[PDB]
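Chains as they are written, first to last, in our numbering: chain S, 2 to 214; chain E, 642 to 874.
Taking it in order: structure first as structure tokens, then the write-up.
Shown next as structure tokens:
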């Protein structure tokens with residue numbers, strides 16, 4: 002089996018930047034090499050076939066080069082809609098194989114999150130479990146700290162975060178943190194607070210509520 | 642251009658069998674349809690890259706398989722229906738993933754001219770389907786509970802309000818969420834599912850509306866179709 006090695010694994014660049022993705026084959030595959038783009042939750046789309054041919058309908062800012070073992074995909078001017086994963090693929094010989102992919106990530110200006118907190122619904126308590134949700138909407142960069150406090154007590158080990166894929170239009174992220182505790186515990190305490198720390202905020206922002214208000 | 646659409650995916654026990662289909666529509670140069678082309682099946686395990694599985698030429702010949710599925714999977718096609726099939730047997734946990742059918746670009750046969758390309762080119766995958774999900778697991782399906790994430794007074798941040806649905810405790814992936822039957826799309830974020838310690842998934846969908854909202858949750862493996870109205874506390 003021919004191995005294709007893509008580097009780097011992940012690449013960050015600013016809109017307008019000239020970007021170069023590389024593919025190395027473990028053996029000489031001449032020009033029998035294709036490039037695909039895949040956006041999260043979507044099927045791949047062909048960009049370049051046989052090393053250097055731009056597929057019909059693909060924007061001209063994409064170009065491909067190389068032969069033998071060393072190949073490049075070049076994006077002459079990175080656009081926000083370009084975020085996603087890029088794969089090379091070889092058909093010199095069966096089995097057909099793909100590179101492990103290079104993820105492209107946009108660098109943009111800082112943008113502070115808007116923060117919202119949600120108490121558990123009545124239907125859910127009715128069933129013995131309490132989920133408290135914190136939402137950080139449309140921010141950049143991705144790194145954020147979300148700290149839970151119950152009656153001012155710093156919580157840990159009972160929350161999970163999820164983060165959206167980088168937005169294709171404005172290159173921001175959104176994040177949710179879910180604090181889960183039993184109905185018993187939720188009923189113990191009164192003040193529930195989400196404290197968010199982020200580069201776009203001059204100081205931590207807190208959203209909270211009082212149970213049953 | 643030719644278009645592809647896979648189907649047949651679902652949750653199955655290890656050891657069981659399952660048949661995927663792929664239907665071609667549209668057309669390319671010279672009004673060619675899928676039956677003029679060689680086609681492969683390609684899969685993608687959760688969070689991983691792409692793995693070629695099998696190829697079949699336009700006329701049904703020159704079949705080959707990746708070692709990982711040789712002797713268990715069988716590729717075939719019915720050109721009268723412009724349909725491709727992948728018959729999977731003796732499935733294992735590591736067969737889990739999204740399965741794509743993918744058309745190779747070079748024209749391989751023209752029945753109306755009695756022409757057939759001498760060789761199987763197997764060049765670039767110029768058309769892919771949207772994929773169909775296969776989950777192979779011993780665990781039984783569980784449908785989601787849907788709870789409202791209710792906007793409250795003082796919740797305004799920026800100039801906007803947020804509301805949502807908490808889709809909790811389901812297996813396996815995936816669930817789809819829409820809002821107001823798809824009439825509301827601006828400002829919607831549906832988060833990636835997180836695996837909980839319980840072994841069940843949980844996910845939230847939220848929407849931001851400036852300063853009647855219904856979320857429609859679908860989980861096919863459990864035949865779940867829920868519409869939950871979300872109103873202020």
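Ideal Cβ positions, reconstructed from N, Cα and C, are used throughout, including at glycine.
Reference residue i, options the options, closest by Cα
i, options, result
"residue 172 of chain S", "S/94, S/161, S/141, S/145", "S/141"
"residue 732 of chain E", "E/688, E/715, E/743, E/723", "E/715"
"residue 143 of chain S", "S/117, S/79, S/175", "S/175"
"residue 754 of chain E", "E/671, E/823, E/802, E/690", "E/671"
"residue 71 of chain S", "S/20, S/91, S/198, S/77", "S/91"
"residue 122 of chain S", "E/871, E/647, E/642", "E/871"
"residue 585 of chain E", "E/795, E/718, E/746, E/758", "The first residue shown for chain E is 642 and the last is 874, placing residue 585 of chain E beyond what the model contains."
"residue 834 of chain E", "S/40, S/164, S/8, S/186", "S/164"
"residue 39 of chain S", "E/702, E/797, E/770", "E/770"
"residue 111 of chain S", "S/187, S/201, S/156", "S/201"
"residue 95 of chain S", "S/196, S/213, S/129, S/2", "S/2"
"residue 862 of chain E", "E/712, E/824, E/778, E/709", "E/778"
"residue 26 of chain S", "S/184, S/128, S/190, S/68", "S/68"
"residue 31 of chain S", "S/93, S/17, S/62, S/64", "S/93"
"residue 214 of chain S", "E/659, E/874, E/787, E/849", "E/874"
Residue-chain proximity (residue i, chain S), Cβ-Cβ < 9 Å
i, result
"residue 716 of chain E", "no"
"residue 699 of chain E", "no"
"residue 760 of chain E", "no"
"residue 730 of chain E", "no"
"residue 661 of chain E", "no"
"residue 874 of chain E", "yes"
"residue 866 of chain E", "no"
"residue 896 of chain E", "The structure shown has nothing for residue 896 of chain E, since chain E only spans 642 to 874."
"residue 849 of chain E", "yes"
"residue 809 of chain E", "yes"
"residue 837 of chain E", "yes"
"residue 764 of chain E", "yes"
"residue 649 of chain E", "no"
7 Å Cβ shell around residue i - same chain, five flanking residues per side excluded
i, result
"residue 785 of chain E", "808, 809, 810, 811, 816, 858, 860, 865"
"residue 764 of chain E", "745, 746, 747"
"residue 756 of chain E", "750"
"residue 686 of chain E", "737, 738"
Test item: CB-CB of residue i and residue j under 9 Å
i, j, result
"residue 100 of chain S", "residue 6 of chain S", "yes"
"residue 84 of chain S", "residue 107 of chain S", "yes"
"residue 699 of chain E", "residue 721 of chain E", "no"
"residue 826 of chain E", "residue 649 of chain E", "no"
"residue 181 of chain S", "residue 131 of chain S", "yes"
"residue 147 of chain S", "residue 166 of chain S", "no"
"residue 87 of chain S", "residue 105 of chain S", "yes"
"residue 135 of chain S", "residue 74 of chain S", "no"
"residue 159 of chain S", "residue 803 of chain E", "no"
"residue 28 of chain S", "residue 98 of chain S", "no"
"residue 34 of chain S", "residue 52 of chain S", "yes"
"residue 729 of chain E", "residue 673 of chain E", "no"
"residue 177 of chain S", "residue 832 of chain E", "yes"
"residue 780 of chain E", "residue 688 of chain E", "no"
"residue 692 of chain E", "residue 683 of chain E", "yes"
"residue 47 of chain S", "residue 703 of chain E", "no"
"residue 740 of chain E", "residue 647 of chain E", "yes"
C-beta neighbour in chain E for residue i, strict 9 Å
i, result
"residue 90 of chain S", "yes"
"residue 23 of chain S", "no"
"residue 156 of chain S", "no"
"residue 124 of chain S", "yes"
"residue 171 of chain S", "no"
"residue 33 of chain S", "yes"
"residue 67 of chain S", "no"
"residue 50 of chain S", "yes"
"residue 196 of chain S", "no"
"residue 148 of chain S", "no"
"residue 30 of chain S", "no"
"residue 207 of chain S", "no"
"residue 1 of chain S", "There is no way to answer for residue 1 of chain S, as the model of chain S reaches only from 2 to 214."
Same chain only: Cβ atoms within 6 Å of residue i, ignoring 5 sequence neighbours per side
i, result
"residue 776 of chain E", "652, 737, 813"
"residue 706 of chain E", "695"
"residue 805 of chain E", "790, 845, 846, 847"
"residue 666 of chain E", "644"
"residue 109 of chain S", "141, 172"
"residue 117 of chain S", "136"
"residue 194 of chain S", "150, 207, 209"
beta-carbon residue i near the ligand HEM non-hydrogen atom, thresh 8 Å
i, result
"residue 19 of chain S", "Of ligands this structure carries none, so the ligand HEM is not represented either."
Residues near residue i in its chain [Cβ-Cβ closer than 8 Å; skip 5 each side]
i, result
"residue 56 of chain S", "47, 48, 49, 50"
Completely contained alpha helix (DSSP H) runs for the region 45-75 of chain S, where each covers 4 or more residues: none
Residue ranges of each beta strand (DSSP E) within the region 163-194 of chain S, 3 or longer: 174-183
Residue ranges of each alpha helix (DSSP H) within the region 668-703 of chain E, 4 or longer: none
Whole runs of the beta strand (DSSP E) within the region 759-845 of chain E, excluding any shorter than 3 residues: 766-769, 773-777, 786-790, 801-811, 817-820, 829-831
Every unbroken beta strand (DSSP E) within the region 75-121 of chain S, with a cutoff of 3 residues, ordered by chain: 85-91, 103-108, 115-119
Whole beta strand (DSSP E) elements within the region 8-52 of chain S, 3-residue minimum: 11-15, 20-26, 34-39, 46-50
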